[PDB]
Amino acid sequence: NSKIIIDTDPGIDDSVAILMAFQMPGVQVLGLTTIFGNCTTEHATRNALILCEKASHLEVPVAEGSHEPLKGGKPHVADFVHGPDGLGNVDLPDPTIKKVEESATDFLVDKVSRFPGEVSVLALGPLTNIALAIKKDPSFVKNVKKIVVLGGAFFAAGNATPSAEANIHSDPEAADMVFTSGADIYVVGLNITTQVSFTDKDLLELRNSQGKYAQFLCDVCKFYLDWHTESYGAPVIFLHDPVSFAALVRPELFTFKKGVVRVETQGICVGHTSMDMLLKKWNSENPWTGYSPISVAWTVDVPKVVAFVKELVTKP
């Protein structure tokens, strides 16, 4: 049983990924650590607790994280994507279970130090809690097994601006800190996830299946599909967070390229992820020379990832 901590802003696709993790054999969810992005951190915390309740996992701790990015200020949330409270149009009563007292930072630090070399972190939102855990404990990057990040856009369009993917754009300083931290990092960007199309047809099939959470997953994905159809002009949704979950437990369905990743933290291209490709020898030193390289998901076996997500969500 592989120990994982999911740092998340649920969030419609995060909810799919969280329920997939609870349904995944050989995986133990130590806890959910929450962050803003798709919704406010308080809405993310409420949705994480609703998910734990829904999955009969009342014992899985939910530790609330940062309410603001590292630079401070009230975050702009993707409510036009994930609904006013982050759960699309799904009307569910408030959870009875409560968050634990410890912050996401402290929860991350404690579990990694308690089980050194055993815990994998799946980062589904902005990287604020992860950068904060790094700031707090210098042994965190050495003791964390790996960090699988859903974020960035490597030689692909961003979704927050033409240049930036949302999770990175939501906290550029945190992302740059994490990517240069020297931890064993695997980054899954929009270059990968926009290749994995899920259709209106796939959702209707799911609605008509025996999947444990099929009804809820279709109800929650409805707002998500309506927004994608409106914004992209196609009845296709991208399940970014489930795709990164596949990179975490089925990394053989992807190929990874190693290289230094830096994040633009200022200007019009704020949130942009730039990777040094190692194909050209630099005549002069630059912001990418001297850092530890990380792994960036480069290719993806799309039918196999689709089949893997479907297997987990259709499971009775």
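The first residue of the shown sequence is 1; numbering continues from there.
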{"item": "Given 55 to 63 and 281 to 289, the range whose Cα B-factors average higher in the PDB entry", "value": "281 to 289"}
{"item": "Entry-level comparison of average CA B-factors, 192 to 200 and 103 to 111, reporting the higher stretch", "value": "192 to 200"}
{"item": "Highest recorded Cα temperature factor - choice among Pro172, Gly158, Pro242, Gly72", "value": "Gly72"}
{"item": "Among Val302, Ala297, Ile18, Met24 - the residue whose C-alpha B-factor is largest in the record", "value": "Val302"}
{"item": "Third assignment of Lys145 from its chain's C-alpha B-factors", "value": "lowest"}
{"item": "CA B-factor placement of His43, once the chain's modelled residues are sorted into thirds", "value": "middle"}
{"item": "CA B-factor ranking of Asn167, expressed as a third of its chain", "value": "lowest"}
{"item": "Third of chain Cα B-factors occupied by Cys218", "value": "highest"}
{"item": "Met177 CA temperature factor, ranked by third within the chain", "value": "middle"}
